[PDB]
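Protein chains in written order, with the deposited numbering: chain A, 52 to 102; chain B, 408 to 458; chain C, 408 to 458; chain D, 9 to 80; chain E, 1 to 236; chain F, 1 to 236; chain G, 1 to 236; chain H, 459 to 509; chain I, 459 to 509.
Where a beta carbon is used, it is the ideal one built from N, C-alpha and C, also for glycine.
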Amino acid sequence: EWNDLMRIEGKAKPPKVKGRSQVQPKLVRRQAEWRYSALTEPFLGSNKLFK
Amino acid sequence: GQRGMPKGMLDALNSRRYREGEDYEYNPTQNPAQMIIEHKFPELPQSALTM
Amino acid sequence: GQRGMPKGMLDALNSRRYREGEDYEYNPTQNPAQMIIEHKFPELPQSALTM
Amino acid sequence: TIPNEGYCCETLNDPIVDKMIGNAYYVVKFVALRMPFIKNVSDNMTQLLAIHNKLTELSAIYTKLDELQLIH
Amino acid sequence: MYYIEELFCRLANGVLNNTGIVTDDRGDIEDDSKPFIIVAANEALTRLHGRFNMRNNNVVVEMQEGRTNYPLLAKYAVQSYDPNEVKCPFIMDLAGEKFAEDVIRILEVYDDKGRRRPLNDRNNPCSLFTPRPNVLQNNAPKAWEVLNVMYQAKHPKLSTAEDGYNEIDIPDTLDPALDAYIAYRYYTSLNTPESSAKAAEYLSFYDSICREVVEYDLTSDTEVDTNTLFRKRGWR
Amino acid sequence: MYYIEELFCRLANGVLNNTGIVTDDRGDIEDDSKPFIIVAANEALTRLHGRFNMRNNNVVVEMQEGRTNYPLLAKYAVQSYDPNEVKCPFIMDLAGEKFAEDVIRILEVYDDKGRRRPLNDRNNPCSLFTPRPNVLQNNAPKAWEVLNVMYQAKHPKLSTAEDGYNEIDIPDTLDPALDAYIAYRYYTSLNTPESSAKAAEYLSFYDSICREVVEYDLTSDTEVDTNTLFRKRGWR
Amino acid sequence: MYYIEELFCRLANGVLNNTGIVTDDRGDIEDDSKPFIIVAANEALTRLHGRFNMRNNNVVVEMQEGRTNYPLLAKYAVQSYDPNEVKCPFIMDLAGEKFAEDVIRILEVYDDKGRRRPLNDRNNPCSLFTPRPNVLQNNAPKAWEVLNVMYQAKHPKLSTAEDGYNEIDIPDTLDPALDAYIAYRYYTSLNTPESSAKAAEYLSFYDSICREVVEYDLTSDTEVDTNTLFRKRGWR
Amino acid sequence: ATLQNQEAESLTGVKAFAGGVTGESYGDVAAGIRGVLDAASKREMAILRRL
Amino acid sequence: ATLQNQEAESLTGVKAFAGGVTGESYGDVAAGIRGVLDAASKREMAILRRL
Numbered sequence: 052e053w054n055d056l057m058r059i060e061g062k063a064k065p066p067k068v069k070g071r072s073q074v075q076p077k078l079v080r081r082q083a084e085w086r087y088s089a090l091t092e093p094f095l096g097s098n099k100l101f102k
Numbered sequence: 408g409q410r411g412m413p414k415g416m417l418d419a420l421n422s423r424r425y426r427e428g429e430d431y432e433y434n435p436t437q438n439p440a441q442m443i444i445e446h447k448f449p450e451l452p453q454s455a456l457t458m
Numbered sequence: 408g409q410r411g412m413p414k415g416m417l418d419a420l421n422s423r424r425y426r427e428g429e430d431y432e433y434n435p436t437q438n439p440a441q442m443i444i445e446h447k448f449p450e451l452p453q454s455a456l457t458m
Numbered sequence: 009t010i011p012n013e014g015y016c017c018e019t020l021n022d023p024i025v026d027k028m029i030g031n032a033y034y035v036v037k038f039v040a041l042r043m044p045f046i047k048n049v050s051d052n053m054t055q056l057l058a059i060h061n062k063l064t065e066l067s068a069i070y071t072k073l074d075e076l077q078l079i080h
Numbered sequence: 001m002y003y004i005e006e007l008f009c010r011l012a013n014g015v016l017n018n019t020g021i022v023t024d025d026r027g028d029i030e031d032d033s034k035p036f037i038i039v040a041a042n043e044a045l046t047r048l049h050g051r052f053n054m055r056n057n058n059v060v061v062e063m064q065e066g067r068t069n070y071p072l073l074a075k076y077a078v079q080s081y082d083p084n085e086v087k088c089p090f091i092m093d094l095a096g097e098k099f100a101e102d103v104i105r106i107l108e109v110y111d112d113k114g115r116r117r118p119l120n121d122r123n124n125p126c127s128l129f130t131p132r133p134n135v136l137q138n139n140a141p142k143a144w145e146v147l148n149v150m151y152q153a154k155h156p157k158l159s160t161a162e163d164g165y166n167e168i169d170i171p172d173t174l175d176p177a178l179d180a181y182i183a184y185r186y187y188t189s190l191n192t193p194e195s196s197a198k199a200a201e202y203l204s205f206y207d208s209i210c211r212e213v214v215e216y217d218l219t220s221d222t223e224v225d226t227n228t229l230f231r232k233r234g235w236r
Numbered sequence: 001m002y003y004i005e006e007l008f009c010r011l012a013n014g015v016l017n018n019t020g021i022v023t024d025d026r027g028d029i030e031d032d033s034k035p036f037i038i039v040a041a042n043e044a045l046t047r048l049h050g051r052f053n054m055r056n057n058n059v060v061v062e063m064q065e066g067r068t069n070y071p072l073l074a075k076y077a078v079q080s081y082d083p084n085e086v087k088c089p090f091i092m093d094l095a096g097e098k099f100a101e102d103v104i105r106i107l108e109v110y111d112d113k114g115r116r117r118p119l120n121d122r123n124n125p126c127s128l129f130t131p132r133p134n135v136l137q138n139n140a141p142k143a144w145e146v147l148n149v150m151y152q153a154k155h156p157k158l159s160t161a162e163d164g165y166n167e168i169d170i171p172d173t174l175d176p177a178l179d180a181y182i183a184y185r186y187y188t189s190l191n192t193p194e195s196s197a198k199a200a201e202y203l204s205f206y207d208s209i210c211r212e213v214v215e216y217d218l219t220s221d222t223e224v225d226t227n228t229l230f231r232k233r234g235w236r
Numbered sequence: 001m002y003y004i005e006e007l008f009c010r011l012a013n014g015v016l017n018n019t020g021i022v023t024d025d026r027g028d029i030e031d032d033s034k035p036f037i038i039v040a041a042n043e044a045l046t047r048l049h050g051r052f053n054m055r056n057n058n059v060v061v062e063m064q065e066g067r068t069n070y071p072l073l074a075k076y077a078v079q080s081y082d083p084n085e086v087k088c089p090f091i092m093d094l095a096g097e098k099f100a101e102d103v104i105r106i107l108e109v110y111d112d113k114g115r116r117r118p119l120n121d122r123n124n125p126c127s128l129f130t131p132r133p134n135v136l137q138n139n140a141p142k143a144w145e146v147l148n149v150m151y152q153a154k155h156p157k158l159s160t161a162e163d164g165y166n167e168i169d170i171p172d173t174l175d176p177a178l179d180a181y182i183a184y185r186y187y188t189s190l191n192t193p194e195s196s197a198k199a200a201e202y203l204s205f206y207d208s209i210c211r212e213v214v215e216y217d218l219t220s221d222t223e224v225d226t227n228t229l230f231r232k233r234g235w236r
Numbered sequence: 459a460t461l462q463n464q465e466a467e468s469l470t471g472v473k474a475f476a477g478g479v480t481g482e483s484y485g486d487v488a489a490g491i492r493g494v495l496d497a498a499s500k501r502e503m504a505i506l507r508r509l
Numbered sequence: 459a460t461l462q463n464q465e466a467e468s469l470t471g472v473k474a475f476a477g478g479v480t481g482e483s484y485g486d487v488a489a490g491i492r493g494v495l496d497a498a499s500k501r502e503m504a505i506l507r508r509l
């Protein structure tokens, strides 16, 4: 279920109705994007990984 | 919190449905917008605050 | 969240289509703009906040 | 080859039921079309009960049909 | 429900009490004048069943290969078709419930498999169409496709013949409306100016009764249902 | 609460005193015109019971398998039915007054289990339907399902015939309205301009009395109850 | 759906009962005045079919080289045409009822290829044109091009002559409108001030009935369909 | 629409930069900027400890 | 029209400079400018690590 919310594939998929929009903003995905760079950067800031 | 409803605006069956929280139909001669009085706290006079 | 519809504005067939989310036609004698009451929360009096 | 089905044609009280059991209308129409067959049994149920009451009675005599012909 | 004879008595001892078409004992209408009332009575019933959705009746139609238009006429019913010119009927009814062509307006259509079929949807290829108010058209007749049509129905036409219908089934609150319309038709027929003024009063009274029923909703005309778009729109 | 005999005496010594429909001593109405008053009286009582929710009655219906429509007619009751025609009646009035066939509008339906069955809810799978105002439809009759129907009931039909109903039960404040409506029908039936003007006044007087009752609420027509949606919505 | 004979009986026992145009027994109209009713009846049916889109019919037209105008007349049909006058008819009604020449307004045109041909589009090079309401013009007839025309069709002309059309097919709710319009023409033709006032009332009644039908939509005149421009505009 | 974004940011404590990538959503007074950034950084720092 | 640009910038974290090339879209307070630029730079810096 959690993966079905990161991407609009599972239960979160809007129903397909003819003549009406089927878009879905990715609120969960947007939150995850600002977390990936925040956490990955400190580990890659130096040539040496382990001290 | 008291509700005042004009007499004759709703029939016997429609009045119950409105009281039960369901959709209802009203006589067009009386607009419920100006009817269905919902009493609230009267506005405090500015003189009392000034005094 | 309750919907109030004046009687006689819509015929039997058009009323169902409106309730099903489809396009409908109405009697010109009654404008749905001032009809189809959608009850909402009454505005809180300013006196209550002041007190 | 070419299709040949339907209710108005190729359907009668004499043929047998088809595979379309799932269709609720078909089975109801099946019995309704064959109403007189049910009615004929229903109103004469008294005779069937008496005959069924002696079902084994007629079975034993059936075992010696040829032998009874010798007497006649 | 009551016999048409009771209607004749009610008219005899009612609005038509001071007319020359009643019997000397005020017990019945004149026999030669009976068809005049019957024609007016059928007309009055049609108007009432149009403004008020009182009777909802359904019929069963069987799709036939090679046929697209399916008129809702009694000559295509199984209990009334003529085998000489009709190969096989497609409207199914019972011996005691013969189809009477009482169709006014089609409401909904469901197939034998329980799927709702859209009507008059020009952009939907599978939708059905009604070129005439009492004619149903299907553009793709399948093998075992059977359609059920639910429609607003009029009261069956009255007739003085023994085999014809001789009963009235309407809400009793509309009886004054029925009498007023019949009285209006009778007094309008007379061309004397005095009768013309009296005729208008009954017609106005008939309209007043109809609006009173609508105002209090005595026939349960208003209908509501639980909201389903909330789930379909995905509000959750 | 008075018998039909007092109504004739009250009308003879009341609004209809001047007309010739009364006896020489103004003590009773002529037998030749008694049914004329009865037809008007039945019409007047129906109108009053429509505007005002004076009478509320309930009936018990026993579901029978193979039957989906349950008309609320007198011939289907356990009393006053033909055993030769209907094998098993489904309307029970074993105690109290017999079922008088006075159904106007269905209000609510409760089953024997004690729950409430939704009525005329198209989106509810287990809701009942009313194809006709006096006909109740169930789409799934069970083995021992029994339904109780609460409805707004009109006054039982009055009749001067033997073993008929000859008692009037209306609030006494509506008596002037009854007399005005009956007089309105009598005078308007004469087709006389002098009587037509008098007839219009009585009709206005009848409407004036009814609106006076609503203004002061002498019938306790209004109804309020403690709000239960406050807890249902979780406001707390 | 009833024959022309019942119309005379209904009028004789209906609105025209009082006038002398009916027989002694009020069972039929005089033969000397039957065409008078027919002219009014044809006029009344045209008015109803104009206000309401009750009937929709389609015809098949086969393009012929050297001809750019294709009138929709009866003499150009494959049935009821003169082989001596026209060598090859271009209107095909091989099955069903014959072409009755009942064209009022062209709605849409589809060719045999299955596409839609634009109508009366001056800026479209391949659009058809209608110089006359009942005349269809094609500016480029091809070898095997066949056009289907969908149009709003009026009721076929009625005639009491032999081998004529003597059947009426209108919704039963419009019957009072038909009678009112016919009576309006009859009374207004007498040039009598007493009859002129009566004639005006019938005309107003006819208009009142028609607006009642529109108000409740008993003919299903309105039409809606699923929106297709949403995908066409690329809203997605 | 903006309420959902505001509520989502409050729970996760992540600046989603809704309504365009800009620093206007942080506030006006620089003193308040230090408080919000430091408080949000602690939640970010806590996850780094597990990683 | 502006909502789509705002939503697109939020996902990719890239200043598209919609509505003209200008620094007015960054905000008003200089304290908030540092926060938005630094947060967006981390996403840009993360991609540089892969390159």
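Burial state of residue i (16 or more Cβ within 10 Å)
{"i": "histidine 49 (chain F)", "result": "buried"}
{"i": "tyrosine 216 (chain F)", "result": "exposed"}
{"i": "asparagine 421 (chain C)", "result": "buried"}
{"i": "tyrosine 87 (chain A)", "result": "exposed"}
{"i": "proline 35 (chain E)", "result": "buried"}
{"i": "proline 23 (chain D)", "result": "exposed"}
Alpha carbon of residue i to alpha carbon of residue j, nearest angstrom
{"i": "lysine 47 (chain D)", "j": "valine 25 (chain D)", "result": "19 Å"}
{"i": "residue 25 (chain A)", "j": "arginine 236 (chain E)", "result": "This structure cannot speak to residue 25 (chain A), because chain A is shown only from 52 to 102."}
{"i": "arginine 115 (chain E)", "j": "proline 125 (chain E)", "result": "15 Å"}
{"i": "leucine 7 (chain E)", "j": "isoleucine 37 (chain G)", "result": "32 Å"}
{"i": "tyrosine 184 (chain E)", "j": "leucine 16 (chain E)", "result": "11 Å"}
{"i": "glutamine 79 (chain E)", "j": "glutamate 145 (chain E)", "result": "21 Å"}
{"i": "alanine 459 (chain H)", "j": "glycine 471 (chain H)", "result": "18 Å"}
{"i": "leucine 158 (chain F)", "j": "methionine 92 (chain F)", "result": "23 Å"}
{"i": "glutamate 43 (chain F)", "j": "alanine 199 (chain F)", "result": "16 Å"}
Residue of the options minimising C-alpha distance to residue i
{"i": "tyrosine 186 (chain E)", "options": "E:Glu6, E:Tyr3 and E:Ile21", "result": "E:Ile21"}
{"i": "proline 131 (chain F)", "options": "F:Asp112, F:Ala153, F:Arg105 and F:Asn53", "result": "F:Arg105"}
{"i": "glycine 96 (chain E)", "options": "E:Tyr165, E:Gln64, E:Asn42 and E:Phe205", "result": "E:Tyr165"}
{"i": "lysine 113 (chain E)", "options": "D:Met28, D:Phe45 and D:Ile10", "result": "D:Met28"}
{"i": "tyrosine 181 (chain G)", "options": "G:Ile209, G:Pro171 and G:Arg233", "result": "G:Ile209"}
{"i": "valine 149 (chain E)", "options": "E:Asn56, E:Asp207 and E:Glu108", "result": "E:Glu108"}
{"i": "residue 247 (chain F)", "options": "F:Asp25, F:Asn84, F:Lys98 and F:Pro71", "result": "The first residue shown for chain F is 1 and the last is 236, placing residue 247 (chain F) beyond what the model contains."}
{"i": "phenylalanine 38 (chain D)", "options": "D:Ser67, D:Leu78, D:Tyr15 and D:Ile79", "result": "D:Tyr15"}
Nearest-angstrom beta carbon gap, residue j and residue i [assumed within contact, 8 Å]
{"i": "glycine 478 (chain H)", "j": "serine 468 (chain I)", "result": "7 Å"}
{"i": "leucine 136 (chain F)", "j": "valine 61 (chain F)", "result": "7 Å"}
CB contact below 9 Å: residue i versus chain L
{"i": "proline 193 (chain F)", "result": "Note that chain L does not occur in the displayed structure, where the protein chains are A, B, C, D, E, F, G, H and I."}
I want to know whether the stretch 206-226 of chain G touches the stretch 188-197 of chain G - three or more CB-CB distances under 8 Å.
Cβ pair count under 8 Å is below three, so no.
Three or more beta-carbon pairs under 8 Å between the stretch 149-158 of chain E and the stretch 66-73 of chain D, yes or no?
Under the Cβ criterion (8 Å, minimum of three pairs), the stretch 149-158 of chain E does not count as touching the stretch 66-73 of chain D.
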